[PDB]
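Structure 1 and structure 2 below are the same protein chain in two forms, each given by itself as structure tokens.
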Structure 1
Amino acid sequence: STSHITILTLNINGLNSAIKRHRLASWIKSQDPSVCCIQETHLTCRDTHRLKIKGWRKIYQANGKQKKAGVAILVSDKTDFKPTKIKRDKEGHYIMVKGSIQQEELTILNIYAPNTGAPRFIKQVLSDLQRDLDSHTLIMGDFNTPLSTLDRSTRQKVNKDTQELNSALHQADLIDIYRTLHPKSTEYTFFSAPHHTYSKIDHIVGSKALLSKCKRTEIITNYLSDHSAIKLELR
């Protein structure tokens, strides 16, 4: 009674510890997503083979040379994903996987933007990947930036760089899917102790044409990381 895919995004804050990988493996099994986007694996390109998660053996990774950044898209053993293209960031800040599930195209960009210059860094990735964006695109991960005023407890208006980022997303027919489903949401995914500020810096952005297929979306607090996850249910 179940042909809905669920895609999940989570900044995990490092996966070099095997015991930590087992906690993530159990958590993923509980959440039972079809597709899983992880940020900050902290796995070097040498160590990517260490990432094993029972039940999610299709794993696509982009990593740098230090124990820094690192992203991964995991696909459930129960989901038939046929890939056509995988594009990896050399520094491990993003990976794009294109393919299909059950004859329907899906383009997933998993992104981990740097703390500094985040909206400009994302705008540049969009430009670099311009030819690969389409109307079946999901962009999810740790943008390290609000996209609109309610993504921060301070309710500060977004900066010019963020505004230029949103214009570029608009040119690609991409929307903030979470806030379109929950326009007055005041939920958060990260807490900054130096300023006692709460912010939603993790995002699910996607093609306008996918909106009708998005059933549910919600945030998931956890004991694994300094970020809460976000889950999307798709038709």
Structure 2
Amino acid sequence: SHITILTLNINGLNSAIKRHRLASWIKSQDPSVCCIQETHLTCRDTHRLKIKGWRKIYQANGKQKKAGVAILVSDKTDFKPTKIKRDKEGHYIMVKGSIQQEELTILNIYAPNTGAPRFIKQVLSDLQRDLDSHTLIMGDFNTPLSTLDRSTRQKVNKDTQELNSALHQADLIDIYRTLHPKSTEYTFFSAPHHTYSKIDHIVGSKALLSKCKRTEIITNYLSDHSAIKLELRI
């Protein structure tokens, strides 16, 4: 009745060397479900991503070696998919399914560097029909959601404020920030002027809060992004 969901922008998987490296890290972390961003695999190279122990994999890829997302499910986890929706451009993938008769919807997103919060709000609208009370939206938003997400505590811009409102209209909350309202933890440590920011996020339905046992930010040597882990009581 416990599953862990892990998100990491992996910064490219095209080379077999990097794929082998990612696989070892996953084996260690032993997540039930893993959301990866920036695989950079074109839609004709998706078959390249194989990780022993995580046979169920769902990918979304554009026509070029940029963006690219994947959701990997552990062989030990009974996830039964019912709907998969893939971005033509490789910036998100949504998987709906059930674990032990419990519905879960996972939207893995990689937002672009330019116009990130507007882009996420658009995807929310495009998929408004697919969001529900058991929805997790995780990945590299390429934007803070509040001042505490930046070591500078710079006010978030109007667009971000709009994204935050669209999220609340759908009864979606920043799950990390809700469990850790005062924390100053970061996932990207090369922000502009020697600054740090939390641009990776785990957002989710308010009704999932009762199931959230723990979150953990996992700094690593694989990527220029730290991973985020969520422990969920199914």
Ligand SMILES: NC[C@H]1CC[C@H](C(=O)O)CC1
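For residue numbers, the reference is structure 1: its sequence is counted from 1. Between two forms, the rigid core is defined as the largest C-alpha subset superposing within 1.5 Å.
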If I had to pick the form deposited without the named molecule out of these two, would it be 1 or 2? 1
Taking the rigid core as reference, the Cα of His195 travels between the two structures a distance in Å of 1.6
Given the rigid core as reference frame, how large is the C-alpha shift of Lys98 between the two structures? Answer in angstrom. 0.3
